[PDB]
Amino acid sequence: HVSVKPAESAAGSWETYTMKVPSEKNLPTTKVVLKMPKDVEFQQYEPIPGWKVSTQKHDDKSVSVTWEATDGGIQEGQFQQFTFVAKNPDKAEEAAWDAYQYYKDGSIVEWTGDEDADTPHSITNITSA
């Protein structure tokens, strides 16, 4: 399950987020794509050995960040944490973190479901007062 923490954060602020990506298969995780939640503006990423990081704007105005393994990826029995900075929206909202976990066999696990789904996205509660 991919998580982006903190699970609560203040509206309007520049938050340092940490995405944790555990292995869930006995195969390497070679790439992770994270969609920015609505109204959350990506600012910067923290470099990490063994990964190249890039951002993608899209035809719809959403933005994604991609971490691609340049070494062995995340192996069985491992997890990795990836840190970045984003600006929170101005109003209270539930920010969903749609993540796509790529494995070496070409499979993609889509951490995009709601509460009851098999692969839910994690959420940050953007609050105020």
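Numbering starts at 1 and follows the sequence shown.
**Q** Quick one: say whether 53-61 or 91-99 has the higher mean Cα B-factor in the deposited entry.
**A** Going by the record's values, the stretch with the higher mean is 53-61.
**Q** Where do the C-alpha atoms have the higher mean temperature factor in this entry, in 28-36 or in 69-77?
**A** That would be 69-77.
**Q** Report the third (lowest, middle or highest) to which the CA temperature factor of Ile108 belongs, ranking only the modelled residues of the same chain.
**A** It falls in the middle third of the chain.
**Q** Check where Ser13 lands among this chain's C-alpha B-factors and tell me if it's the lowest, middle or highest third.
**A** It falls in the top third of the chain.
**Q** Sorting the chain's CA B-factors, does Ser3 end up in the lowest, middle or highest third?
**A** Its C-alpha B-factor, which the entry lists for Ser3, ranks in the lowest third among residues of this chain.
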